[PDB]
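Let me begin by presenting the structure, written as structure tokens, before commenting on it.
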Amino acid sequence: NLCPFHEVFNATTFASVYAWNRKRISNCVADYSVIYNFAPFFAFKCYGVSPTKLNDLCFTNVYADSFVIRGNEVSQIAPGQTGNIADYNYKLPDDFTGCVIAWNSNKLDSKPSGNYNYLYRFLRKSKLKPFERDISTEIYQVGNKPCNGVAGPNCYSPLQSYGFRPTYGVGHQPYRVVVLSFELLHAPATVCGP
Amino acid sequence: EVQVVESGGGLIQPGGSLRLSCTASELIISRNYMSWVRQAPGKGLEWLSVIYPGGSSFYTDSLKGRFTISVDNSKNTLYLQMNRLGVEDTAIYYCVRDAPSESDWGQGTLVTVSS
Amino acid sequence: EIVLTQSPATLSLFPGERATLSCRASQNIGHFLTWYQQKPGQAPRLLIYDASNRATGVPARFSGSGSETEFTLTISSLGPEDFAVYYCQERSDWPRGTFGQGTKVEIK
């Protein structure tokens, strides 16, 4: 029973980075060569595992976290990184095992007059713990005077829209990102990679 | 109107160190994007460093090692430790709060490095 | 590194005239650019953010336009108080970014 990797990578819509979508892959036989050999997925980078040995290993589960971010913000998707996305939207641990695949989706995620459907969090009371998700849209009190949860001066909505347009440099163009996180719990290894 | 007040300027010898302080009244510095921007006399502005609401801090390449931004949550103030200052570090240092639609600057404090 | 070249270095106009100021970037920074007003001997003041949006409290005569590599700031009618130094700052890595050299406004 082959895995849905192509169903995750070729999905028509990706989630906002603040609400990054996680899929569990288990009870399957995996094939990472198709992931590795496909041309457009150039931004390939794994930590604690090499792309060459992925077939030999087996894991209890494999998680696929998918989202859309800016091109220059892709560098923040790695162990030990800090920044907007690393702090408030999607944090990976320093001991992260599994890896991140990103590609430019300007052809399909960008829209003339801006794509405001992709949002990210830029204000939070504290950094995210690794693999934490925060979907709260409550108005963030940055000022001293509380504003009772309604937008106003010195209290804003914590989510910012990306506004992707077909133009702009590679840095500001949308990048669809998929993070394959491997897991071992001493349970039966339900995903092998022959 | 939002007011941010800087402090800790003045004279210092070359190669010395200084720590500027910045405080705000109507906002919480701990929960804001607070950046330090200097304006050399008769020269253009230069963004030096920022500290995020979560505590992440970033610096320009030319300043790496010599500057260290920080915050003390209890006092509601922002600090900029400055070390190994040269004659070119003389400038008026602004404590600026950044928001998506607002950018609130303080009046600044002159920092002079001379003998 | 992104370097912004503002032009003209000095813009000499009479009161009531329309002032058009240009900022040009070395790289495609999209719409991420900010315009700052600075009276002499005072801290800068936010005019335009995202290269087109007018900041709260700014009078309607100020407006921004342009994108990618060629940005422009327009004052529809110069009042006496509009005579100042205007800085363009790119915000590709907001709140980080480089500043332009600025453009003073003076006639007499």
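Residue numbering restarts at 1 in every chain; chains get A, B, ... in the order shown in the structure tokens, and ligands count up from 1 in that same order.
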Quick one: everything within 7 Å of segment 31-37 of chain C, counting only C-alpha atoms, minus sequence neighbours fewer than 4 positions away in the same chain. Send it as a ChimeraX atom specification. /C:44-51,67-68,84-92
Which residues come within 6 Å of segment 68-77 of chain B, counting only C-alpha atoms, excluding same-chain residues fewer than 4 positions away, as a PyMOL selection string? chain B and resi 22-23+29-30+81
Selection export as a PDB file, in the first residue's frame, atoms kept: N, CA and C atoms:
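File produced: part_28.pdb:
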```pdb
ATOM      1  N   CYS B  22      15.632  53.078  26.808  1.00  0.00           N
ATOM      2  CA  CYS B  22      14.439  53.574  26.141  1.00  0.00           C
ATOM      3  C   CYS B  22      13.210  53.086  26.887  1.00  0.00           C
ATOM      4  N   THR B  23      12.269  54.000  27.109  1.00  0.00           N
ATOM      5  CA  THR B  23      11.053  53.697  27.846  1.00  0.00           C
ATOM      6  C   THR B  23       9.869  54.346  27.146  1.00  0.00           C
ATOM      7  N   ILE B  29       6.580  47.933  26.098  1.00  0.00           N
ATOM      8  CA  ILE B  29       7.750  47.706  25.255  1.00  0.00           C
ATOM      9  C   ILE B  29       7.986  46.218  25.046  1.00  0.00           C
ATOM     10  N   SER B  30       7.591  45.390  26.014  1.00  0.00           N
ATOM     11  CA  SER B  30       7.831  43.955  25.901  1.00  0.00           C
ATOM     12  C   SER B  30       7.062  43.348  24.734  1.00  0.00           C
ATOM     13  N   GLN B  81      23.093  47.798  24.594  1.00  0.00           N
ATOM     14  CA  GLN B  81      24.485  47.793  25.014  1.00  0.00           C
ATOM     15  C   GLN B  81      25.377  48.021  23.801  1.00  0.00           C
TER      16      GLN B  81
END
```
Residue neighbourhood residue 161 of chain A, 8 Å, only C-alpha atoms, exclusion window fewer than 2 positions, as a list in words: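 Surrounding residues, per the criterion: residues 116, 117, 118, 119, 120, 159 and 163 of chain A.
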At a cut-off of 7 Å, which residues of chain B touch chain A? Count only C-alpha atoms and give the answer as a list in words.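 Filtering chain B at 7 Å from chain A with only C-alpha atoms gives residues 26, 27, 28, 31, 32, 53, 54 and 56 of chain B.
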N, CA and C atoms of the current selection, written as a short mmCIF file (atom, residue, chain, number, x, y, z; two decimals), in the first residue's frame:
```
data_model
loop_
_atom_site.label_atom_id
_atom_site.label_comp_id
_atom_site.auth_asym_id
_atom_site.auth_seq_id
_atom_site.Cartn_x
_atom_site.Cartn_y
_atom_site.Cartn_z
N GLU B 26 2.49 54.84 27.13
CA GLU B 26 1.17 54.30 26.84
C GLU B 26 1.21 52.91 26.23
N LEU B 27 2.39 52.36 25.97
CA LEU B 27 2.50 51.03 25.38
C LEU B 27 3.44 50.17 26.21
N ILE B 28 3.38 48.87 25.96
CA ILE B 28 4.22 47.89 26.65
C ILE B 28 5.36 47.57 25.69
N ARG B 31 5.92 43.93 24.38
CA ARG B 31 5.01 43.38 23.39
C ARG B 31 5.09 44.09 22.04
N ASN B 32 6.15 44.85 21.79
CA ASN B 32 6.26 45.68 20.59
C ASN B 32 7.52 45.33 19.82
N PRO B 53 8.67 40.92 19.68
CA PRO B 53 7.86 40.66 20.87
C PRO B 53 8.23 39.37 21.60
N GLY B 54 8.65 38.34 20.87
CA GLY B 54 9.06 37.10 21.50
C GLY B 54 10.46 37.11 22.08
N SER B 56 13.33 37.63 20.14
CA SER B 56 14.33 37.46 19.10
C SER B 56 14.92 38.82 18.72
#
```
Choose the residue, out of A:65, A:73, A:109, A:134, that has the smallest atom-to-atom separation from chain C; count only C-alpha atoms.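 For chain C, the nearest of the candidates is A:73.
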Chain C residues near chain A (7 Å cut-off, only C-alpha atoms) as a PyMOL selection string: chain C and resi 28-30+68
Residue hits in chain C, query chain B, radius 8 Å, only C-alpha atoms, as a PyMOL selection string: chain C and resi 42-46+49+55-56+95-102
Contacts of segment 70-77 of chain C within 8 Å, only C-alpha atoms, excl. fewer than 4 positions in-chain, as number ranges by chain: C: 15-25, 35, 51, 61-66
Check the DSSP output for the backbone and give back, as a VMD selection string, the residues of chain C in strand (DSSP E or B). chain C and resid 4 to 7 10 to 11 19 to 25 33 to 38 45 to 49 53 to 54 62 to 67 70 to 75 85 to 90 99 103 to 105
Neighbours of residue 109 of chain B within 9 Å (only C-alpha atoms; same-chain residues fewer than 4 positions away dropped), as a list in words?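 Neighbouring residues, sequence-local ones excluded: residues 6, 7, 8, 9, 10, 20, 91, 92, 93 and 94 of chain B.
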Could you tell me how far atom CA of residue 40 of chain A lies from atom CA of residue 178 of chain A, in Å and to one decimal?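 Calculated distance between atom CA of residue 40 of chain A and atom CA of residue 178 of chain A is 13.1 Å.
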